[PDB]
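Read through the structure below, which is laid out as structure tokens, and then see the notes.
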Amino acid sequence: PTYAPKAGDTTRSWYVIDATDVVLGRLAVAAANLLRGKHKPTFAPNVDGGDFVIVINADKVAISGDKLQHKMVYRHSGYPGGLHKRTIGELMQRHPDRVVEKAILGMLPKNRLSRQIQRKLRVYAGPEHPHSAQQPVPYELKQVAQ
Amino acid sequence: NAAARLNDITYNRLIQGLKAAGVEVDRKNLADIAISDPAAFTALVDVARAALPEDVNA
Amino acid sequence: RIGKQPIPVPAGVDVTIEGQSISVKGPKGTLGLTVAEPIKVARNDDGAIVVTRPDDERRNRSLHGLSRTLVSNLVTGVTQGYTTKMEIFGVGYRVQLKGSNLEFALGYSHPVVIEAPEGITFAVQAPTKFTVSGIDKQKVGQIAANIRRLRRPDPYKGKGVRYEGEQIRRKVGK
Amino acid sequence: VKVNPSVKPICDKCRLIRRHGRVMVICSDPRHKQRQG
Amino acid sequence: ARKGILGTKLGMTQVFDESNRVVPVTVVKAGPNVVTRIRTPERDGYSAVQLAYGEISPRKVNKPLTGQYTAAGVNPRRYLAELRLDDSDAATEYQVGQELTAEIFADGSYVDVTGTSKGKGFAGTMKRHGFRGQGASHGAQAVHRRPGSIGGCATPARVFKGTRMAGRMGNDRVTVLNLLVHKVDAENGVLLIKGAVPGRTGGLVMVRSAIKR
RNA sequence: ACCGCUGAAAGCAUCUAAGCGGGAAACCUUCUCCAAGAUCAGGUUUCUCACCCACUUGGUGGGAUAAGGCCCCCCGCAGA
RNA sequence: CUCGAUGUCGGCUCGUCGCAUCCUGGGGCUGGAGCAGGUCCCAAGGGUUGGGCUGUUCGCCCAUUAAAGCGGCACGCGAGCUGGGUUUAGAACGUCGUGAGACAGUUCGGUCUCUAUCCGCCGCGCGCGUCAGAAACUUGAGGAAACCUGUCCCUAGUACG
């Protein structure tokens, strides 16, 4: 049977991704699996496992103008109308961290652990990150084989 | 798959290689090995890599 | 066939490529230009500019011809000022040059003062004739676009700018 | 302009263009300036 | 830019102007009894100044407040409210100890006045929102003053959020814009404002310079 | 929507595929209001800032106290 | 699907939504001289009234208006209202039926039940957390309300004709 599940038997490391030229989707996927812990053999979907993920320089994520001017974002309030339609381009010019956050959350499962995982996410639009007291580990994207 | 990716190999080719080697080892105890002795997992990976032919053509 | 047209450089004071970017200096104000990355541009043995991309992508042909005419336009602009002339065919109009611009009012209140762009030359040839010149057909054309749609010239009698012709339409009697 | 789901030439002094995906006619004679939808 | 001062409403009266015209005047008392404590944007990006006004007893105000005010070096006051200034740097404008009076208004300048409105209490939609009341003769059993129907029946099987229903009103931060200051009584510190002001006699009034004009 | 600058594809032409600009009571800033239970639960300031037992020192309970607040009381043009 | 019950027209009251837009707004074209006006494109942010007669829908008409919009939401909404007509029992005229009686043909009268448990909504509190315990002032991510318009004068009796 399983050996990984156990209180305290988790290595909470920190990862840093320089999200400059990377595309939003591939970044979000790697962040999702890396965040949940599927890159580790001690996977245990029943618990909040995984490592901490830091997104650096989210402002520079390459997205075509064909989506900046067409991929609309919808936040309905609850009131009549109230469909807060706002372009992803404007969101990139205001709160790109919320755009990236949304993309990741859409790739994470929709359950209680998802929220416990969300609170393990730290996204900053700029490149200068004050969080240097911990042990950041620069992590880059790759294919494996095949 | 996680341990295999740590050894830079996919699950696909891992199982294919082990079958070519005749290593009729179930996934339960193989996954156990992944935790109890990661080095043994690495050894099995090297065996599979050597057993795999050359490419994706036939 | 546009790809076959070399680019003469009569001046060449600082006509040079600095990282997919053409710096141009000469008789008039200086110019610059970002080079379309897909297209390879290099200096000829005789000093002319060679714009080329060998591969087959058609958009490379569009960008090849395009960037060729952009560079030719840069050299033409820096060596020979661009000039567009404008003349009014109407009643009730006098051009004044108050401050640093042209004040127009074809028979209506609040005479319009065209906000000039940085780096542009204006001149008045008569109360109903004037001209604009510069080192950028886009900047000179910006004044042509700003003066447009300001009291739309009716095709009947006429009440606006013409560029010395253009076969402007005519009335149908009454 | 004459927006409609059909385009043809008013005379042989015009061109059919594809602007932003919309087909339209220019004929140096502002009579119709027809547009394909 | 948005200069201002705290005061209180002392009721309304009327006074005739130089053109033989009637000016309804609300009396807002805002004389030399307003002190400051700056809040620079360098620490939190707020960019504003705390205004204090009133009268208390030295044995009434609690220790955290006497600590703040005595740290500031300012005699304690009953009310405290912070006025947003401008989105610039300001800096060289207000300081700790600068006295602000009603003389800052130009005897005619338009101002925006805001404050807690008078309580009216829990009321039906006839007052809360102003519905057109239903008839009360031709068979109107027990519907006089009642809202009636809401939305649909089958498909929209819910009341839309934000409908106009019965509830409390009052005690709100009501702001009235572009009120004409009739006259700054600089000799007494009494600000005479054309028009009615939210709040009861004795209530707190916040006055600031208008921006539309 | 419309008009438009420069200019290719295609020696021309063209509001265009690179690129620039104008362009409406719609949209977003802007004006007013609620709002950190916004669980990412914020930020600034200030006060108090060792007190005694039980259990197993820790782990945990019990009692008391400072800031301060509440209860009760006198009132409100604030209020079921 | 619903007959061990979804209670039907019209009208009132209260909202929402589409745009195939009545007006306001932005433009093209014209057999658009100008005012006006035809047609077409964009646009839901507001407004879209008040009366006579019929039970009305639907229509007619007077007088105003920038305008007197088309539709969905159980032909919106009867555990919110009306009960005029429709569809109960009485009565009468006509037609048919020998007759009892019938008519989606007309004419008079003829009750409109429910103490709100849940969902949602509207308002205000108690508790706990917001990592020592508290008190003040506040950023406002994110949302709401509101978003209309005419007459006259000047330009100018000018341009145009």
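Going by the structure tokens order, chains are called A, B, ..., each with residues numbered from 1, while ligands are numbered from 1 in the order shown.
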
task = Identify, with DSSP run on backbone atoms, the residues in chain D assigned to strand (DSSP E or B), and express the list as a count of residues only.
result = 14

task = Would you please extract all alpha helix (DSSP H) residues from stretch 7-57 of chain B, as assigned by DSSP on the backbone, and give them as a VMD selection string?
result = chain B and resid 11 to 21 27 to 36 38 to 51

request  = Within 8 Å of chain F, which residues of chain E are there when counting only C-alpha atoms (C1' of nucleotides)? Please give them as a ChimeraX atom specification.
outcome  = /E:43-44,63-65,67-68,119,121,173-175,200

key: Test item: residues at most 10 Å from residue B:53, only C-alpha atoms (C1' of nucleotides), excluding those fewer than 5 positions along its chain, as a PyMOL selection string   = chain B and resi 17+20+48

Option closest in space to residue C:38, from F:50, F:18, F:66, F:12 [counting only C-alpha atoms (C1' of nucleotides)] = F:18

Residues of chain C within 9 Å of chain G: nearest atom pair and distance (Å, one decimal) for each, counting only C-alpha atoms (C1' of nucleotides), sorted by chain and number, as JSON lines?
{"residue": "C:107", "atom": "CA", "partner": "G:159", "partner_atom": "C1'", "distance": 7.6}
{"residue": "C:108", "atom": "CA", "partner": "G:155", "partner_atom": "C1'", "distance": 7.7}
{"residue": "C:109", "atom": "CA", "partner": "G:155", "partner_atom": "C1'", "distance": 6.7}
{"residue": "C:156", "atom": "CA", "partner": "G:33", "partner_atom": "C1'", "distance": 8.2}
{"residue": "C:171", "atom": "CA", "partner": "G:33", "partner_atom": "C1'", "distance": 8.8}
{"residue": "C:173", "atom": "CA", "partner": "G:33", "partner_atom": "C1'", "distance": 8.1}
{"residue": "C:174", "atom": "CA", "partner": "G:33", "partner_atom": "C1'", "distance": 5.1}

Report the closest atom pair, with its distance in Å rounded to one decimal, for each residue of chain G that has an atom no farther than 9 Å from chain A; count only C-alpha atoms (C1' of nucleotides), sort by chain and then rising residue number, and write it as a tab-separated table.
residue	atom	partner	partner_atom	distance
G:16	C1'	A:80	CA	7.0
G:17	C1'	A:81	CA	8.7
G:143	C1'	A:77	CA	7.1
G:144	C1'	A:79	CA	8.8

message = Need the shell around residue D:24: protein/DNA/RNA residues with any atom at most 10 Å away, counting only C-alpha atoms (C1' of nucleotides). Skip same-chain ones fewer than 4 positions apart. Format as a PyMOL selection string?
response = chain D and resi 2-3+6-8+15-19+33-37

Atom-to-atom span, atom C1' of residue F:25 and atom CA of residue A:87, Å =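 Straight-line distance from atom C1' of residue F:25 to atom CA of residue A:87 works out to 22.3 Å.
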
List every residue of chain D that has an atom at most 7 Å from any atom of chain G, giving for each one its closest atom pair and the distance in Å to one decimal, counting only C-alpha atoms (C1' of nucleotides), sorted by chain and then by ascending residue number, as JSON lines.
{"residue": "D:1", "atom": "CA", "partner": "G:28", "partner_atom": "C1'", "distance": 5.0}
{"residue": "D:2", "atom": "CA", "partner": "G:40", "partner_atom": "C1'", "distance": 6.6}
{"residue": "D:31", "atom": "CA", "partner": "G:29", "partner_atom": "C1'", "distance": 6.6}
{"residue": "D:32", "atom": "CA", "partner": "G:29", "partner_atom": "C1'", "distance": 6.6}

message = Based on only C-alpha atoms, which of the residues in chain E come within 12 Å of chain A? I want them as a PyMOL selection string.
response = chain E and resi 151+156+158-163

request  = Using only C-alpha atoms, find the residues of chain B whose closest atom to chain A is at most 10 Å away, then write them as a PyMOL selection string.
outcome  = chain B and resi 1-10+12-13+28-29+31-32+34-36+38+55-56

request  = Would you kindly report the residues of chain E within 9 Å of chain G, using only C-alpha atoms (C1' of nucleotides), as a VMD selection string?
outcome  = chain E and resid 44 to 46 50 62 to 65 80 to 82 122 131 to 135 138 to 143 146 to 169

Please produce an output containing N, CA and C atoms for each residue in the selection, written as a short mmCIF file (atom, residue, chain, number, x, y, z; two decimals), in the first residue's frame.
data_model
loop_
_atom_site.label_atom_id
_atom_site.label_comp_id
_atom_site.auth_asym_id
_atom_site.auth_seq_id
_atom_site.Cartn_x
_atom_site.Cartn_y
_atom_site.Cartn_z
N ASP E 44 1.72 54.52 2.87
CA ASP E 44 0.60 53.66 2.49
C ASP E 44 -0.13 54.07 1.23
N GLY E 45 0.27 55.14 0.54
CA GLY E 45 -0.37 55.48 -0.71
C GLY E 45 -1.74 56.10 -0.58
N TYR E 46 -2.16 56.47 0.63
CA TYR E 46 -3.50 57.01 0.82
C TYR E 46 -3.54 58.45 0.34
N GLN E 50 -5.96 63.74 8.35
CA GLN E 50 -6.97 63.54 9.38
C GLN E 50 -7.41 64.87 9.94
N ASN E 62 -10.43 57.74 25.67
CA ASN E 62 -9.68 56.59 26.14
C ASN E 62 -8.19 56.70 25.83
N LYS E 63 -7.43 55.75 26.39
CA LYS E 63 -5.98 55.81 26.30
C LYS E 63 -5.42 55.69 24.90
N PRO E 64 -5.94 54.84 24.01
CA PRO E 64 -5.36 54.79 22.66
C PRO E 64 -5.48 56.11 21.93
N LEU E 65 -6.60 56.79 22.13
CA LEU E 65 -6.85 58.06 21.46
C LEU E 65 -6.04 59.18 22.09
N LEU E 80 -13.23 62.48 14.55
CA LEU E 80 -12.04 62.41 13.71
C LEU E 80 -12.46 61.91 12.35
N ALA E 81 -12.05 62.62 11.31
CA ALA E 81 -12.37 62.22 9.95
C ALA E 81 -11.26 62.68 9.03
N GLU E 82 -11.01 61.86 8.01
CA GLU E 82 -9.89 62.04 7.11
C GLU E 82 -10.38 62.47 5.73
N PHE E 122 -37.49 51.85 9.37
CA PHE E 122 -37.97 50.78 8.53
C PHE E 122 -39.29 51.19 7.88
N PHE E 131 -42.93 53.53 -4.81
CA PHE E 131 -43.79 52.82 -5.74
C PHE E 131 -45.08 53.57 -5.96
N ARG E 132 -45.66 53.37 -7.14
CA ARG E 132 -47.00 53.86 -7.43
C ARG E 132 -47.98 52.95 -6.70
N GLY E 133 -48.67 53.51 -5.71
CA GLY E 133 -49.54 52.70 -4.87
C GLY E 133 -50.72 52.13 -5.62
N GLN E 134 -51.20 50.99 -5.14
CA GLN E 134 -52.35 50.34 -5.74
C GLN E 134 -53.66 50.99 -5.30
N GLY E 135 -54.67 50.87 -6.16
CA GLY E 135 -56.00 51.39 -5.89
C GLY E 135 -56.55 50.88 -4.58
N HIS E 138 -62.19 49.68 -5.56
CA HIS E 138 -62.81 48.65 -6.38
C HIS E 138 -62.33 47.25 -6.07
N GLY E 139 -62.72 46.72 -4.92
CA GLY E 139 -62.40 45.36 -4.54
C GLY E 139 -61.02 45.16 -3.95
N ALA E 140 -60.25 46.22 -3.74
CA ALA E 140 -58.89 46.07 -3.26
C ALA E 140 -58.92 45.58 -1.83
N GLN E 141 -58.94 44.25 -1.67
CA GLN E 141 -59.06 43.60 -0.38
C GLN E 141 -58.04 44.10 0.64
N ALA E 142 -56.79 43.63 0.54
CA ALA E 142 -55.76 43.97 1.51
C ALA E 142 -54.41 44.17 0.82
N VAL E 143 -54.40 45.02 -0.20
CA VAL E 143 -53.20 45.31 -0.98
C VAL E 143 -52.79 46.76 -0.95
N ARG E 146 -49.10 47.64 -0.84
CA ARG E 146 -48.20 46.49 -0.96
C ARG E 146 -47.54 46.40 -2.34
N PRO E 147 -46.29 45.92 -2.40
CA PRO E 147 -45.55 45.88 -3.68
C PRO E 147 -46.21 45.16 -4.84
N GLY E 148 -46.86 44.03 -4.57
CA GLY E 148 -47.41 43.22 -5.64
C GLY E 148 -46.43 42.20 -6.18
N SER E 149 -46.52 41.94 -7.48
CA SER E 149 -45.78 40.86 -8.10
C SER E 149 -44.31 41.18 -8.24
N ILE E 150 -43.52 40.11 -8.35
CA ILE E 150 -42.08 40.18 -8.53
C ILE E 150 -41.70 39.17 -9.61
N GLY E 151 -41.12 39.66 -10.70
CA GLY E 151 -40.57 38.80 -11.74
C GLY E 151 -41.58 37.86 -12.37
N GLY E 152 -41.10 36.66 -12.71
CA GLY E 152 -41.90 35.64 -13.35
C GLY E 152 -42.25 34.52 -12.40
N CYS E 153 -42.78 33.44 -12.98
CA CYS E 153 -43.28 32.31 -12.20
C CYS E 153 -42.48 31.03 -12.40
N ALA E 154 -42.56 30.41 -13.58
CA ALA E 154 -41.98 29.08 -13.74
C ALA E 154 -40.48 29.11 -13.97
N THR E 155 -40.05 29.69 -15.09
CA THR E 155 -38.65 29.61 -15.46
C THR E 155 -37.78 30.42 -14.50
N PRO E 156 -37.99 31.72 -14.30
CA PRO E 156 -37.17 32.46 -13.33
C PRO E 156 -37.62 32.20 -11.90
N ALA E 157 -37.38 30.98 -11.43
CA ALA E 157 -37.88 30.53 -10.13
C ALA E 157 -37.01 31.08 -9.00
N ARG E 158 -36.94 32.40 -8.95
CA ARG E 158 -36.15 33.11 -7.97
C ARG E 158 -36.46 34.58 -8.12
N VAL E 159 -36.20 35.33 -7.07
CA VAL E 159 -36.29 36.77 -7.12
C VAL E 159 -34.92 37.28 -7.51
N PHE E 160 -34.89 38.20 -8.47
CA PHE E 160 -33.61 38.70 -8.92
C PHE E 160 -32.97 39.45 -7.76
N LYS E 161 -31.67 39.34 -7.66
CA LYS E 161 -30.98 40.06 -6.60
C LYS E 161 -31.01 41.55 -6.91
N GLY E 162 -31.32 42.35 -5.90
CA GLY E 162 -31.37 43.78 -6.06
C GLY E 162 -32.75 44.37 -6.25
N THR E 163 -33.80 43.60 -6.01
CA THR E 163 -35.14 44.15 -6.11
C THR E 163 -35.40 45.20 -5.04
N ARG E 164 -36.45 45.97 -5.29
CA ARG E 164 -36.85 47.07 -4.44
C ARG E 164 -37.86 46.51 -3.45
N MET E 165 -37.41 46.27 -2.22
CA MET E 165 -38.23 45.70 -1.16
C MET E 165 -38.17 46.56 0.08
N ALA E 166 -39.00 46.19 1.05
CA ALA E 166 -39.05 46.89 2.31
C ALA E 166 -37.74 46.76 3.05
N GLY E 167 -37.39 47.80 3.78
CA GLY E 167 -36.14 47.83 4.50
C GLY E 167 -35.91 49.17 5.14
N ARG E 168 -34.81 49.24 5.88
CA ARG E 168 -34.41 50.47 6.54
C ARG E 168 -33.74 51.43 5.57
N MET E 169 -33.89 52.71 5.87
CA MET E 169 -33.18 53.77 5.17
C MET E 169 -32.81 54.83 6.18
#

message = With 9 Å as the limit and counting only C-alpha atoms (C1' of nucleotides), what residues in chain F lie close to chain A? Please list them as a VMD selection string.
response = chain F and resid 27 to 28 40

Write the residues of the preceding selection, restricted to N, CA, C and O atoms (P, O5', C5', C4', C3', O3' and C1' of nucleotides), as a PDB file, in the first residue's frame.
ATOM      1  P     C F  27     -22.612  51.526 -20.678  1.00  0.00           P
ATOM      2  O5'   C F  27     -21.209  50.883 -21.055  1.00  0.00           O
ATOM      3  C5'   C F  27     -21.088  49.505 -21.358  1.00  0.00           C
ATOM      4  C4'   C F  27     -19.646  49.108 -21.541  1.00  0.00           C
ATOM      5  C3'   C F  27     -18.704  49.556 -20.442  1.00  0.00           C
ATOM      6  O3'   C F  27     -18.770  48.733 -19.294  1.00  0.00           O
ATOM      7  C1'   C F  27     -17.719  49.974 -22.548  1.00  0.00           C
ATOM      8  P     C F  28     -18.717  49.387 -17.829  1.00  0.00           P
ATOM      9  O5'   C F  28     -17.204  49.853 -17.693  1.00  0.00           O
ATOM     10  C5'   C F  28     -16.150  48.922 -17.866  1.00  0.00           C
ATOM     11  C4'   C F  28     -14.807  49.604 -17.932  1.00  0.00           C
ATOM     12  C3'   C F  28     -14.531  50.623 -16.850  1.00  0.00           C
ATOM     13  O3'   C F  28     -14.215  50.021 -15.611  1.00  0.00           O
ATOM     14  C1'   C F  28     -13.786  51.443 -18.939  1.00  0.00           C
ATOM     15  P     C F  40      -7.860  32.627   1.187  1.00  0.00           P
ATOM     16  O5'   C F  40      -7.097  34.024   1.189  1.00  0.00           O
ATOM     17  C5'   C F  40      -6.013  34.254   2.082  1.00  0.00           C
ATOM     18  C4'   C F  40      -5.257  35.520   1.752  1.00  0.00           C
ATOM     19  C3'   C F  40      -6.016  36.824   1.965  1.00  0.00           C
ATOM     20  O3'   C F  40      -5.152  37.861   2.409  1.00  0.00           O
ATOM     21  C1'   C F  40      -5.420  36.636  -0.311  1.00  0.00           C
TER      22        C F  40
END
